[PDB]
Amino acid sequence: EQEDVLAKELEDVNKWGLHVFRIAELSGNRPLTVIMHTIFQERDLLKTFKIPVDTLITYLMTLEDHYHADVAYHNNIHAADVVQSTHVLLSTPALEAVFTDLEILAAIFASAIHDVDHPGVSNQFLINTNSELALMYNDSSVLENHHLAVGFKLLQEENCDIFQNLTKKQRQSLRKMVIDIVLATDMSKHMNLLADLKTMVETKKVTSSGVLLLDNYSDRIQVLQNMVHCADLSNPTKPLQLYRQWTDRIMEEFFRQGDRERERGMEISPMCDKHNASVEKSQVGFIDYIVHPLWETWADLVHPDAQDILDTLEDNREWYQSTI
């Protein structure tokens, strides 16, 4: 039976390299709903926060609807992938019992909404084309502000407030953490976020059990920011058959943006020129300048928990390099 196979694939929810694309097929193009549902059951979040199962499904279905299914990369499959990757990074041994159930809920919820209603074009495109989104948000983290606004607003639809039984202060603390995390997914913050993570690794403090010692909001939210940031940039760390399909999708989306940029007489953004692009050189540069400096720093923070993930990234980089 179809849902017998889907249920078997959901046994891998705690594993890096989950067949997220097959789960999309087997779930009827609802990877975000079923992976979020599975993760919430796995972490026992429905009982902890008194989330009615029908409210959760209704919100997750409405949230998945607002991801564009005609956008090749930034869609509900990407959201489900980031949710599940964050869920795995949360289970790393070096972070056992570090985070409260509320912080875990915030990081997973942030991963679910982090790209909702993504139109398939970059912030800079939205700025340069004087979009209504750029006009609303004053050219600052335009997409990321929009993902948050949409993600929270959908909680107000009929039977959609999954946080209805959190206390006032739990509400206020979660909303702030979700905002801080999603705003950190803006790539213009990557360099400063990585520099902060480098500083933390160099001054890393650990408890008598081997668990990372987080002392204040500034350190705890910064780790959660980089965790979701790593999950957002985790495609080159996955098994190659998954990585390659992510590369096909982002190039599909980029090339579309370049066709609109050229039609408009604009300068074509890097990697968006389908007449001058090297898919393979772009992935090597993506790994060398962005993904590997980030994941190698994260692996130091949780050493040695992320050695396999770092090994896969370096193998995949070697493979893409060899195709040139």
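Sequential numbering from 1, following the sequence displayed. In this text, rigid core is short for the largest set of C-alphas that superpose within 1.5 Å between two forms.
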Practice task
Return whichever of 167-175 or 203-211 has the larger RMS Cα deviation from the displayed form in 8 other deposited structures of this protein, where every structure is aligned on the rigid core.
Solution key: 203-211
Practice task
Could you say which moves further from this form in 8 other deposited structures of this protein, stretch 54-62 or stretch 263-271, by root mean square CA distance after aligning on the core?
Solution key: 263-271
Completion exercise
Stretch with higher mean Cα temperature factor, 162-170 vs 136-144, is 162-170
Exercise for the section: Report the stretch with the higher mean CA temperature factor, choosing between 35-43 and 271-279 on the basis of the entry. Expected result: 271-279
Handout entry: Options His114, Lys238, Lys204, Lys176 - largest CA temperature factor per the record
Key = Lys204
Handout entry: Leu313 CA temperature factor, ranked by third within the chain
Key = lowest
Exercise for the section: Taking the chain's C-alpha temperature factors as the reference, tell me which third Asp232 falls into: lowest, middle or highest. Expected result: lowest
Exercise for the section: Grab the CA temperature factor for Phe255 from the record and place it in the lowest, middle or highest third of its chain. Expected result: middle
Exercise for the section: Pull the Cα B-factor of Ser122 out of the PDB entry and bin it into the chain's lowest, middle or highest third. Expected result: middle
Completion exercise
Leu214: C-alpha B-factor third of its chain, per the entry, is the highest
